[PDB]
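As a starting point, one isolated chain is supplied in structure tokens, in the form deposited in one PDB entry.
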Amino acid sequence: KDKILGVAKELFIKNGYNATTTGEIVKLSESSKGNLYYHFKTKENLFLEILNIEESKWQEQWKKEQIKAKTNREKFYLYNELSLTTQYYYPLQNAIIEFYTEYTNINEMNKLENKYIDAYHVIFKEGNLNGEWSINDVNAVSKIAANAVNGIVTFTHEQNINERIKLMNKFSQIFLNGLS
């Protein structure tokens, strides 16, 4: 089970959903095509299970890291820097978008997105309560921030990590200064 999950995740990250075949998982995970079945049934269910684990791991990791930022302003900076460095969830976004632009309401996938946006919602709601900013539509600002940061993460993979952190911090500064 655990060899199929690890190799699957890696191939999905490296090649996306379509280019990863159950045969290719079978060959590199030392297990039968019927071994993948029963444990996972289908390629889709294996991927969705990988996403469940990834988003739980990401959410665990953020629970621990957010104590390090005292203000919600600092938490926005921190969360966005961590999205670039984390091994969890963010590395799969290209596989996730592809899977999303193919699959049949499994879409009920939207509770995976709402979780990923909810970190910003807490940040922005709590910042509202602690007088750090005034935001009337937190739901909208949360979605905008999350998807914007996701674009900065996902579309700058080619680059040096220090420069990516520098671009991201400038984004965070512009964005927060724009809530003024």
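Quick note: we count residues from 1 along the sequence shown, nothing fancier.
What comes next is about the form deposited with a small molecule bound, which does not appear here.
Residue contact with the small molecule in the bound PDB entry: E132 places no heavy atom within 4.5 Å of it. In the bound PDB entry, the small molecule sits beyond 4.5 Å of every heavy atom of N72. Proximity of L36 to the small molecule in the bound PDB entry falls outside the 4.5 Å heavy atom cutoff.
The shortest heavy atom separation between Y77 and the small molecule in the bound PDB entry exceeds 4.5 Å.
Checking 151-159, 24-32, 37-45, 121-129 against the small molecule in the bound PDB entry, the stretch whose residues place heavy atoms within 4.5 Å of it is 151-159. Annotation: in the bound PDB entry, residues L51, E54 and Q93 each come within 4.5 Å of the small molecule through at least one heavy atom.
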